[PDB]
């Protein structure tokens, strides 16, 4: 199954989770593409991928505000061609802030609405991939069984 991993990250935290996910999905025998949202275009983004693992950090306090590079792609998610594709969300956050990993339910709610099949509950972590290695491992195991 060809998997795209799309992330937006300002200090590298969601980026490190995405890199770890690529390593683990790839090792399960999949063709995996790592793409930074900064270099991505939403129109027909999902074409030829069977699964899209998307993730980003949130940057608002009382309101949810997505990471600068992922926020336009989020907005144009209807253009991506997600219908009938398998999808999972991930994010780095900080529990001191309101909307702790707010991008995960927002991406899930929107991808569900667009006809994507969300295959598991999104990963929510504090800090980077090495601060909680078991949850990143466990979530990857989870998407590998569902692919």
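Residue numbers count along the first chain shown, from 1.
Identify the stretch, either 43-51 or 91-99, whose C-alpha atoms have the larger mean B-factor according to the entry.
-> Higher mean C-alpha B-factor: 43-51.
Which has the higher mean CA temperature factor in the PDB entry, 137-145 or 4-12?
-> Here the higher of the two C-alpha B-factor means belongs to 137-145.
For the C-alpha B-factor as written in the entry, point me to the maximum among 31, 117, 109, 69.
-> Going by the entry's C-alpha B-factors, 109 comes out highest.
Could you say whether, by C-alpha temperature factor, residue 61 belongs to the lowest, middle or highest third of its chain?
-> As the PDB entry reports it, the C-alpha B-factor of residue 61 lands in the highest third of its chain.
Looking at the C-alpha B-factor of residue 38, is it in the lowest, middle or highest third of its chain?
-> For residue 38, whose C-alpha B-factor we compare with every modelled residue in the chain, the answer is the middle third.
Sorting the chain's modelled residues by C-alpha B-factor, tell me whether residue 104 ends up in the lowest, middle or highest third.
-> Its C-alpha B-factor, which the entry lists for residue 104, ranks in the lowest third among residues of this chain.
Compared with the other modelled residues in the chain, in which third is the CA B-factor of residue 82?
-> Answer is highest: the recorded C-alpha B-factor places it there.
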